[PDB]
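Peer 1: Have a peek at coords_8.pdb (PDB, C-alpha atoms).
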```
ATOM      1  CA  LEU H 124     -44.403 -37.696  19.454
ATOM      2  CA  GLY H 125     -46.088 -34.364  18.799
ATOM      3  CA  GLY H 126     -48.679 -36.586  17.225
ATOM      4  CA  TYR H 127     -48.235 -40.351  17.146
ATOM      5  CA  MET H 128     -51.161 -42.559  17.787
ATOM      6  CA  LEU H 129     -51.576 -43.188  21.449
ATOM      7  CA  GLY H 130     -51.115 -46.897  21.564
ATOM      8  CA  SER H 131     -54.553 -47.758  22.848
ATOM      9  CA  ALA H 132     -55.326 -47.621  26.541
ATOM     10  CA  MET H 133     -54.675 -51.074  28.009
ATOM     11  CA  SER H 134     -55.805 -49.994  31.482
ATOM     12  CA  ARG H 135     -52.829 -52.033  32.718
ATOM     13  CA  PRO H 136     -52.944 -55.737  31.662
ATOM     14  CA  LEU H 137     -51.766 -56.510  35.144
ATOM     15  CA  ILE H 138     -48.124 -57.498  35.056
ATOM     16  CA  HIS H 139     -48.136 -58.602  38.757
ATOM     17  CA  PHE H 140     -44.814 -59.244  40.423
ATOM     18  CA  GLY H 141     -46.424 -60.614  43.541
ATOM     19  CA  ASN H 142     -44.621 -57.911  45.466
ATOM     20  CA  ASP H 143     -45.451 -55.336  48.095
ATOM     21  CA  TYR H 144     -43.584 -52.231  47.022
ATOM     22  CA  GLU H 145     -42.136 -53.100  43.577
ATOM     23  CA  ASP H 146     -45.546 -54.526  42.677
ATOM     24  CA  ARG H 147     -47.221 -51.466  44.010
ATOM     25  CA  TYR H 148     -44.613 -49.460  42.123
ATOM     26  CA  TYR H 149     -45.875 -51.006  38.911
ATOM     27  CA  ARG H 150     -49.496 -50.676  40.171
ATOM     28  CA  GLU H 151     -49.048 -46.948  40.539
ATOM     29  CA  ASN H 152     -46.795 -47.056  37.474
ATOM     30  CA  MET H 153     -50.010 -47.672  35.680
ATOM     31  CA  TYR H 154     -50.962 -44.038  36.435
ATOM     32  CA  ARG H 155     -47.702 -42.062  36.770
ATOM     33  CA  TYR H 156     -46.431 -44.275  34.086
ATOM     34  CA  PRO H 157     -49.209 -45.038  31.744
ATOM     35  CA  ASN H 158     -50.951 -48.006  30.264
ATOM     36  CA  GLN H 159     -50.567 -46.643  26.809
ATOM     37  CA  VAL H 160     -47.707 -45.782  24.531
ATOM     38  CA  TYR H 161     -46.648 -43.251  21.972
ATOM     39  CA  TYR H 162     -46.359 -44.538  18.427
ATOM     40  CA  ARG H 163     -48.141 -44.486  15.079
ATOM     41  CA  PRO H 164     -49.913 -47.573  13.717
ATOM     42  CA  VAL H 165     -47.584 -50.268  12.590
ATOM     43  CA  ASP H 166     -47.832 -53.374  10.481
ATOM     44  CA  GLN H 167     -44.938 -52.984   8.088
ATOM     45  CA  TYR H 168     -41.983 -54.296  10.103
ATOM     46  CA  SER H 169     -40.780 -57.605  11.534
ATOM     47  CA  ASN H 170     -39.203 -56.842  14.919
ATOM     48  CA  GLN H 171     -41.628 -55.860  17.660
ATOM     49  CA  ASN H 172     -39.569 -54.695  20.634
ATOM     50  CA  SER H 173     -37.596 -52.666  18.110
ATOM     51  CA  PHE H 174     -40.461 -50.401  17.057
ATOM     52  CA  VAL H 175     -42.258 -51.113  20.305
ATOM     53  CA  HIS H 176     -39.597 -50.478  22.967
ATOM     54  CA  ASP H 177     -38.812 -47.440  20.748
ATOM     55  CA  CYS H 178     -42.406 -46.247  21.207
ATOM     56  CA  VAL H 179     -41.638 -46.533  24.903
ATOM     57  CA  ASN H 180     -38.336 -44.754  24.351
ATOM     58  CA  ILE H 181     -40.943 -42.151  23.623
ATOM     59  CA  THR H 182     -43.506 -43.057  26.302
ATOM     60  CA  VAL H 183     -41.488 -43.780  29.334
ATOM     61  CA  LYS H 184     -39.765 -40.548  28.499
ATOM     62  CA  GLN H 185     -42.671 -38.202  28.617
ATOM     63  CA  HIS H 186     -43.854 -40.126  31.653
ATOM     64  CA  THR H 187     -40.627 -40.293  33.716
ATOM     65  CA  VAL H 188     -38.705 -37.210  32.657
ATOM     66  CA  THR H 189     -41.301 -34.724  33.829
ATOM     67  CA  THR H 190     -44.332 -36.847  34.497
ATOM     68  CA  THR H 191     -42.276 -38.614  37.144
ATOM     69  CA  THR H 192     -40.253 -35.685  38.443
ATOM     70  CA  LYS H 193     -43.536 -34.075  39.440
ATOM     71  CA  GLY H 194     -43.019 -35.679  42.796
ATOM     72  CA  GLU H 195     -42.745 -39.369  42.100
ATOM     73  CA  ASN H 196     -40.140 -41.779  43.258
ATOM     74  CA  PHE H 197     -38.596 -43.499  40.303
ATOM     75  CA  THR H 198     -35.921 -46.024  40.961
ATOM     76  CA  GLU H 199     -34.250 -48.621  38.704
ATOM     77  CA  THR H 200     -37.313 -50.659  39.612
ATOM     78  CA  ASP H 201     -39.571 -47.981  38.105
ATOM     79  CA  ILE H 202     -37.681 -48.132  34.935
ATOM     80  CA  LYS H 203     -38.295 -51.779  34.479
ATOM     81  CA  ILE H 204     -41.898 -51.977  35.719
ATOM     82  CA  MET H 205     -42.685 -49.061  33.487
ATOM     83  CA  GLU H 206     -40.647 -49.724  30.374
ATOM     84  CA  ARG H 207     -41.455 -53.397  30.708
ATOM     85  CA  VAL H 208     -45.208 -52.855  30.803
ATOM     86  CA  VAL H 209     -45.379 -49.928  28.475
ATOM     87  CA  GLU H 210     -43.096 -51.847  26.111
ATOM     88  CA  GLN H 211     -44.780 -55.219  26.176
ATOM     89  CA  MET H 212     -48.171 -53.632  25.687
ATOM     90  CA  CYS H 213     -46.818 -51.518  22.883
ATOM     91  CA  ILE H 214     -45.855 -54.970  21.707
ATOM     92  CA  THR H 215     -49.342 -56.236  22.522
ATOM     93  CA  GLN H 216     -50.668 -53.262  20.611
ATOM     94  CA  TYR H 217     -48.125 -54.110  17.889
ATOM     95  CA  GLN H 218     -49.735 -57.464  17.202
ATOM     96  CA  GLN H 219     -53.057 -55.737  17.803
ATOM     97  CA  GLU H 220     -52.082 -52.926  15.429
ATOM     98  CA  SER H 221     -51.025 -55.543  12.907
ATOM     99  CA  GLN H 222     -54.468 -57.116  12.964
ATOM    100  CA  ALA H 223     -56.069 -53.693  13.354
ATOM    101  CA  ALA H 224     -54.573 -53.096   9.928
ATOM    102  CA  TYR H 225     -56.389 -56.244   8.970
ATOM    103  CA  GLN H 226     -59.612 -54.751  10.355
ATOM    104  CA  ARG H 227     -59.169 -51.398   8.606
ATOM    105  CA  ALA H 228     -58.194 -53.297   5.473
TER     106      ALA H 228
END
```
Using structure tokens, write down the structure from this file.
Peer 2:
Amino acid sequence: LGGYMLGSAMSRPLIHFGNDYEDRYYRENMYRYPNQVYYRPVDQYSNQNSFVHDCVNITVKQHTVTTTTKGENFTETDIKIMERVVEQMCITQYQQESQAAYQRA
């Protein structure tokens, strides 16, 4: 991910758990953990969460393996709220990227 194409900036699509702390965890996990992912622009595969959750196997990394250990509290909850959002928006930006390829076409 020395390059990649930062998978847009979704500003958090609001994933809302209707929680106090785990919600908030995600709501801060929009900053500590981002609302954008690390991947290059795709529209040449079938599976989404494959390439997508992989882009987060990049993103959540950079954002939880140093970006979190900078004084954040990441628990199993953080993993999900973060991977889940960052993944499903990498997925959102997968279908977006797909059609973005249609726009650049």
Peer 1: Where does the PyMOL selection byres ((chain H and resi 162) around 8) land in this file, that is, which residues does it pick, as number ranges by chain?
Peer 2: H: 124, 127-130, 160-161, 163-164, 175, 178, 181
Peer 1: Excluding residue 147 in chain H and any residue of its chain fewer than 3 positions from it, enumerate the residues within 12 Å of it, using all atoms listed in the file, and give them as a list in words.
Peer 2: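 So, after excluding close chain neighbours, the residues are residues 137, 138, 139, 140, 141, 142, 143, 144, 150, 151, 152, 153, 154, 155, 200, 201, 204 and 205 of chain H.
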Peer 1: Keeping only C-alpha atoms, write those residues as a PDB file, in the frame of the given file.
Peer 2:
```pdb
ATOM      1  CA  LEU H 137     -51.766 -56.510  35.144  1.00  0.00           C
ATOM      2  CA  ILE H 138     -48.124 -57.498  35.056  1.00  0.00           C
ATOM      3  CA  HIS H 139     -48.136 -58.602  38.757  1.00  0.00           C
ATOM      4  CA  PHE H 140     -44.814 -59.244  40.423  1.00  0.00           C
ATOM      5  CA  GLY H 141     -46.424 -60.614  43.541  1.00  0.00           C
ATOM      6  CA  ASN H 142     -44.621 -57.911  45.466  1.00  0.00           C
ATOM      7  CA  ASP H 143     -45.451 -55.336  48.095  1.00  0.00           C
ATOM      8  CA  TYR H 144     -43.584 -52.231  47.022  1.00  0.00           C
ATOM      9  CA  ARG H 150     -49.496 -50.676  40.171  1.00  0.00           C
ATOM     10  CA  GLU H 151     -49.048 -46.948  40.539  1.00  0.00           C
ATOM     11  CA  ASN H 152     -46.795 -47.056  37.474  1.00  0.00           C
ATOM     12  CA  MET H 153     -50.010 -47.672  35.680  1.00  0.00           C
ATOM     13  CA  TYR H 154     -50.962 -44.038  36.435  1.00  0.00           C
ATOM     14  CA  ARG H 155     -47.702 -42.062  36.770  1.00  0.00           C
ATOM     15  CA  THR H 200     -37.313 -50.659  39.612  1.00  0.00           C
ATOM     16  CA  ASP H 201     -39.571 -47.981  38.105  1.00  0.00           C
ATOM     17  CA  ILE H 204     -41.898 -51.977  35.719  1.00  0.00           C
ATOM     18  CA  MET H 205     -42.685 -49.061  33.487  1.00  0.00           C
TER      19      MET H 205
END
```
Peer 1: Expressed in Å to a single decimal, how great is the separation between CA of residue 183 in chain H and CA of residue 218 in chain H?
Peer 2: 20.1 Å
Peer 1: When you draw a straight line from CA of residue 220 in chain H to CA of residue 206 in chain H, how long is it in Å?
Peer 2: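 Computed distance, CA of residue 220 in chain H to CA of residue 206 in chain H, equals 19.1 Å.
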Peer 1: Give as an MDAnalysis selection string each residue that has an atom at most 10 Å from (-52.3, -54.7, 16.8) in the file, counting all atoms listed in the file.
Peer 2: chainID H and resid 130:131 164:166 212:226
Peer 1: Specify the axis-aligned box that encloses all atoms of range 186-202 of chain H listed in the file after padding of 8 Å on each side, stating its centre and edge lengths in Å to one decimal as lines of an AutoDock Vina configuration file.
Peer 2:
```
center_x = -39.3
center_y = -42.4
center_z = 37.5
size_x = 26.1
size_y = 32.6
size_z = 27.6
```
Peer 1: Which of these residues is nearest to residue 180 in chain H, using all atoms listed in the file: H:228, H:210, H:197, H:126?
Peer 2: H:210
Peer 1: When the PyMOL selection byres ((chain H and resi 133) around 8) is applied to the structure above, which residues does it catch, written out as a PyMOL selection string?
Peer 2: chain H and resi 131-132+134-136+158-159+212
Peer 1: Let me see the file: selected residues, C-alpha atoms, as an mmCIF file, in the frame of the given file.
Peer 2:
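That gives us selection_19.cif:
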```
data_model
loop_
_atom_site.group_PDB
_atom_site.id
_atom_site.type_symbol
_atom_site.label_atom_id
_atom_site.label_comp_id
_atom_site.auth_asym_id
_atom_site.auth_seq_id
_atom_site.Cartn_x
_atom_site.Cartn_y
_atom_site.Cartn_z
ATOM 1 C CA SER H 131 -54.553 -47.758 22.848
ATOM 2 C CA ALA H 132 -55.326 -47.621 26.541
ATOM 3 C CA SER H 134 -55.805 -49.994 31.482
ATOM 4 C CA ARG H 135 -52.829 -52.033 32.718
ATOM 5 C CA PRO H 136 -52.944 -55.737 31.662
ATOM 6 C CA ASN H 158 -50.951 -48.006 30.264
ATOM 7 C CA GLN H 159 -50.567 -46.643 26.809
ATOM 8 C CA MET H 212 -48.171 -53.632 25.687
#
```
Peer 1: Can you measure CA of residue 198 in chain H to CA of residue 172 in chain H for me? One decimal in Å is fine.
Peer 2: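 Going from CA of residue 198 in chain H over to CA of residue 172 in chain H, I get 22.4 Å.
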